[PDB]
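Below is one structure, written out as structure tokens; comments come after it.
Keep in mind that the numbers below use all heavy atoms, side chains included, and drop hydrogens, waters and symmetry copies. First the proteins, then the strands, lettered A, B, ... as listed; each starts at 1.
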Amino acid sequence: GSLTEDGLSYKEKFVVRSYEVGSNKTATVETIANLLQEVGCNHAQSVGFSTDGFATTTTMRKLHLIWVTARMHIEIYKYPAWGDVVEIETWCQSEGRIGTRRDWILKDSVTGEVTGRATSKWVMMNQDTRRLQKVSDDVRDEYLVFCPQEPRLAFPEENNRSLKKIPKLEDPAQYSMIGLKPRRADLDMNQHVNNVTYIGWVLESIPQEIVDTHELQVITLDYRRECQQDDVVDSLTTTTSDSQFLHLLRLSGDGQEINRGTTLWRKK
Amino acid sequence: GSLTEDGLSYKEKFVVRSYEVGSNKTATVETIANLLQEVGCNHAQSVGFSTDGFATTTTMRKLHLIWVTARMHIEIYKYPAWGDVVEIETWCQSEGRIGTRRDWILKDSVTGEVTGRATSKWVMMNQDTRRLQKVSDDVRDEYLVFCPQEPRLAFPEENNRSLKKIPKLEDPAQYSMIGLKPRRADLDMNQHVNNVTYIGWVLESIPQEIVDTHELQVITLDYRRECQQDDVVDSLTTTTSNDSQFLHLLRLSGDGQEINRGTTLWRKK
Ligand SMILES: Oc1ccc2[nH]ccc2c1
Ligand SMILES: Oc1ccc2[nH]ccc2c1
Ligand SMILES: Oc1ccc2[nH]ccc2c1
Ligand SMILES: Oc1ccc2[nH]ccc2c1
Ligand SMILES: Oc1ccc2[nH]ccc2c1
Ligand SMILES: Oc1ccc2[nH]ccc2c1
């Protein structure tokens, strides 16, 4: 992969692997989400962020502050098949003092056609207290030089699917998958549950019949609280409708919300 | 990746990804095991095996026969770090009428030094009845042209760990992790549990303190029965032993039916 000519975005090509595909012989949405993190990580490294994995500025490390995902929104028009080459372009932009947004564009490297797009909201949090903080002047100055100054959006539409407020699923749920626990493979280099594991957990309560006759087109997921490697999660789903579903992940015991989301599926 | 000059082995390079590494900032043994399947799959495709994923000959498809793993043996000297390039070479050889063996050699693409090696035993099974069988003459003729004829072993040693018989763990186990279930990400393109998920399940009952102070050096795993996507597994571990050795057992949560048995050897960090 490499930074573009202006040094304000990063592109990388990936050949889809045999173990990265599902029943349709195309990449799962979890494989796509993993590739989005990989190209984001590779972009931060290319623009000077140290080999520790955190895209944190010098002042952020002094204050023990890290970036955390608040929301992920993915829309796939075509999933790449095993052996196909997908090209992904990523970039970041400041959203005032609220935080930052990382966007992605997926293309079929053979035709150049846009096959998907994704957007994410990131907030500054103290890594020890877990307290959310607004973005200070000094910190924004350190990362503005890595962002395009004119707006560049993967989802330009005024008040579109990526910015739609998500309601809380009311009991009883139509479908559920209980007792979901992460294993060591679900953790990252810092022993925290990988963000992509939560997408997998959300999708677990989708009936197999919907999976067998539909393809996932859109997924929006809000991140409320982390699952610790010793926690247990319940995944709840209710059809709201193409088929649309409302989702909720909560702790198995006390019912504490960890994520909420929505998915849109198209008939095969 | 590409076949070597003689067309009897296949090499492929991989750049280790950020999400493929563990706490030490090196590739997990599950990432390595996934790369071993990928290079094996790419080798079968390169030598003519159809895009359906099964390295099955024309006569095997007519008889509804597939290859299934009986045993996996992996030994890692050094795990590659995030951003490092690992080169993996793979090949297959017939083991008479018993079945086939696929071997792998892992190298640091920068120094060329051998950083790991792996071997696996494969048996022929009817896809529908699940009945195992010896390899017929006609089937062996179809795949011999893809194998080196002179023996080529990743584990040449006289008393190597890849061929050592594994005992059954006796209750009570010293350690355990119960209620392990696969999710859709654990399945393959045919809706079957990926072989690498079982390695993950075996390793779940290793205490976190061993993980935090040791590195996995060797793992041998026997595959007895398949876990269905609706099954639930218990992972059992008992220390058998500078180095730490463990005996492992995966069994169904309810009836206690054996899924896998194995052994791991760990060395102090
Ligand atoms: O989704 C991700 C995950 C990790 C990252 N590091 C830097 C950007 C980025 C994006
Ligand atoms: O912390 C940041 C913010 C904006 C960025 N653009 C590119 C990398 C990056 C890291
Ligand atoms: O909750 C929000 C809303 C907008 C945002 N922009 C960037 C981060 C963020 C978080
Ligand atoms: O380990 C593996 C898995 C799948 C495969 N297909 C062909 C060879 C091979 C090896
Ligand atoms: O079925 C087989 C046996 C040996 C092989 N060598 C390479 C691919 C392959 C497939
Ligand atoms: O149990 C065994 C023993 C030797 C073998 N060689 C190939 C498959 C196989 C299985």
For the NZ atom on B:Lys107, are there more than 12 heavy atoms of other groups (residues, nucleotides or ligands in this structure) within a distance under 6.0 Å? no
Would you say the side chain of B:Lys121 lies within less than 4.5 Å of the side chain of B:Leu163, judging by non-hydrogen atoms? yes
Indicate yes or no: at least one non-hydrogen side-chain atom of B:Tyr175 is less than 4.5 angstrom from one of B:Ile206. no
B:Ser23 versus A:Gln191, closest heavy-atom pair with distance: CB-CG, 4.1 Å
Exceeds 12 heavy-atom contacts within 6.0 angstrom, atom CD of A:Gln208: yes
State whether the number of non-hydrogen atoms from other residues, nucleotides or ligands found under 6.0 Å of A:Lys181 atom NZ is greater than 12. yes
Counting heavy atoms not belonging to B:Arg224, are there more than 12 under 6.0 Å from its CZ? no
Ignoring hydrogens and geometry, is there a side-chain-to-backbone donor-acceptor pair from B:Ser253 to B:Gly179 under 3.5 Å? no
Assess whether atom CG of B:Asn159 is packed by more than 12 heavy atoms of other residues, nucleotides or ligands within 6.0 Å. no
Flag the pair B:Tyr19 / A:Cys41 as yes when at least one side-chain heavy-atom distance between them is below 4.5 Å, and no otherwise. no
pair A:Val196-A:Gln37: side-chain heavy atoms closer than 4.5 Å: yes
Could you walk me through whether B:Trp67 and B:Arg102 pass the side chain to side chain contact (heavy atoms under 4.5 Å, CB included) test, one step at a time? CA-CA 11 Å; B:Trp67 290 109; B:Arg102 176 168 289 280; over 6 Å; no
Could you give all pairs that pass the salt bridge (charged side-chain N to carboxylate O under 4.0 Å, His left out) test and reach residues 34-44 of chain B, with sequence neighbours left out? none
Using the salt bridge (charged side-chain N to carboxylate O under 4.0 Å, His left out) criterion, which residues pair with A:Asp186? Sequence neighbours excluded. B:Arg183
Interatomic distance, B:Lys268 atom NZ to B:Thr213 atom OG1 [nearest 0.5 angstrom]: 7.0 Å
Under 3.5 Å, is there a donor-acceptor pair between the side chain of A:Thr90 and the main chain of A:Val39? no
The test is side chain to side chain contact (heavy atoms under 4.5 Å, CB included); show your working for B:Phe146 and B:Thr57 and say whether it passes. CA-CA 11 Å; B:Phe146 308 121; B:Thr57 77; over 6 Å; no
Can you measure from CH2 (B:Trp104) to CD (B:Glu12) and round to the nearest 0.5 angstrom? 13.5 Å
Main-chain N/O of B:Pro148 paired to B:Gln93 side chain as donor or acceptor, under 3.5 Å: yes
Ignoring hydrogens and angles, tell me if any N or O in the side chain of B:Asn24 forms a donor-acceptor pair with the backbone of B:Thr26 under 3.5 Å. no
What do you reckon, is CZ of B:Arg225 surrounded by more than 12 foreign heavy atoms closer than 6.0 Å? no
Side chain to side chain contact (heavy atoms under 4.5 Å, CB included) for B:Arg161 and B:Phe155? Distances and angles first, verdict last. CA-CA 8 Å; B:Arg161 309 156 161 161; B:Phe155 295 88; over 6 Å; no
Any side-chain heavy atom of B:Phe246 within less than 4.5 Å of one from B:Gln174? no
Going by salt bridge (charged side-chain N to carboxylate O under 4.0 Å, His left out), name the pairs with one or both residues in residues 50-59 of chain B, residues two or more places apart or in two chains. none
Are the side chain of A:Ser235 and the backbone N or O of A:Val202 linked by a donor-acceptor pair below 3.5 Å? yes
Between B:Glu204 and A:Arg184 (side chain of the first, backbone of the second, donor and acceptor by atom type, cut-off under 3.5 Å), is there such a pair? yes
Side chains of B:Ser50 and B:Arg61: does their closest heavy-atom pair fall under 4.5 Å? yes
Spell out, as yes or no, whether a donor-acceptor pair under 3.5 Å connects the side chain of A:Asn190 to the backbone of A:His192. no
Residues B:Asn160 and B:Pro156: closest non-hydrogen pair is ND2-O, 4.3 Å
What is the distance from atom CG of B:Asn195 to atom CG of B:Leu36, rounded to the nearest 0.5 Å? 11.5 Å
Any chance you could lay out the salt bridge (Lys or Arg N to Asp or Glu O under 4.0 Å) test for B:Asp171 and B:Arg251, step after step, and finish with the verdict? CA-CA 12 Å; B:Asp171 281 350; B:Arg251 70 183 178 197; 3.1 Å; yes
Can you tell me how far the NE2 atom of B:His248 sits from the OG1 atom of B:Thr238, to the nearest 0.5 Å? 9.5 Å
Is the shortest distance from a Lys or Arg side-chain nitrogen in B:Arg101 or B:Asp103 to a carboxylate oxygen in the other one below 4.0 Å? yes
Quick check against the 3.5 Å criterion: does B:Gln257 have a side-chain atom that pairs as donor or acceptor with the backbone of B:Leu252? no
Which atoms form the tightest heavy-atom contact between B:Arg152 and B:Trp91, and what is the distance? O-NE1, 2.9 Å
Pair A:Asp84 + A:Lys78: basic N to acidic O under 4.0 Å: no
Given the rule in the side chain to side chain contact (heavy atoms under 4.5 Å, CB included) test, do B:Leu216 and B:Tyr79 qualify, once you have shown the distances and angles that lead to the verdict? CA-CA 10 Å; B:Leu216 178 62; B:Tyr79 288 86; 3.5 Å; yes
Can you measure from CG (B:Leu221) to NE2 (B:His73) and round to the nearest 0.5 angstrom? 11.5 Å
Can you tell me if B:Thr220 uses its side chain to pair, donor with acceptor, with the backbone of B:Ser162 under 3.5 Å? no
Measure across B:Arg117 and B:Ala154 and return the closest heavy-atom pair with its distance rounded to 0.1 Å. NH1-O, 3.0 Å
Are A:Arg17 and B:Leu35 packed together at the side-chain level, in the sense that at least one heavy-atom pair is separated by less than 4.5 angstrom? yes
If we ignore hydrogens and angles and just use 3.5 Å, is the side chain of B:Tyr198 paired with the main-chain N or O of B:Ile259 as donor and acceptor? no
Kindly compute the distance separating CD1 (B:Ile88) from CZ (B:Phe14), expressed to the nearest 0.5 Å. 5.0 Å
Please determine whether the number of non-hydrogen atoms from other residues, nucleotides or ligands lying under 6.0 Å from atom NZ of B:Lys269 exceeds 12. yes
Around atom CZ of B:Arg131, are there more than 12 heavy atoms of other residues, nucleotides or ligands at under 6.0 Å? no
Non-hydrogen atoms of A:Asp231 and A:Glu226 that approach each other most closely: OD2-O, 4.2 Å
If we only count heavy atoms from C-beta on, is the B:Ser94 to B:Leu144 side-chain gap below 4.5 Å? yes
Derivation and outcome, side chain to side chain donor-acceptor pair (under 3.5 Å), residues B:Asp6 and B:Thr4: CA-CA 6 Å; B:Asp6 64 8; B:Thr4 58; 3.0 Å; yes
At their closest point, which heavy atom of B:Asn126 faces which heavy atom of B:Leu63, and how far apart are they? ND2-O, 3.8 Å
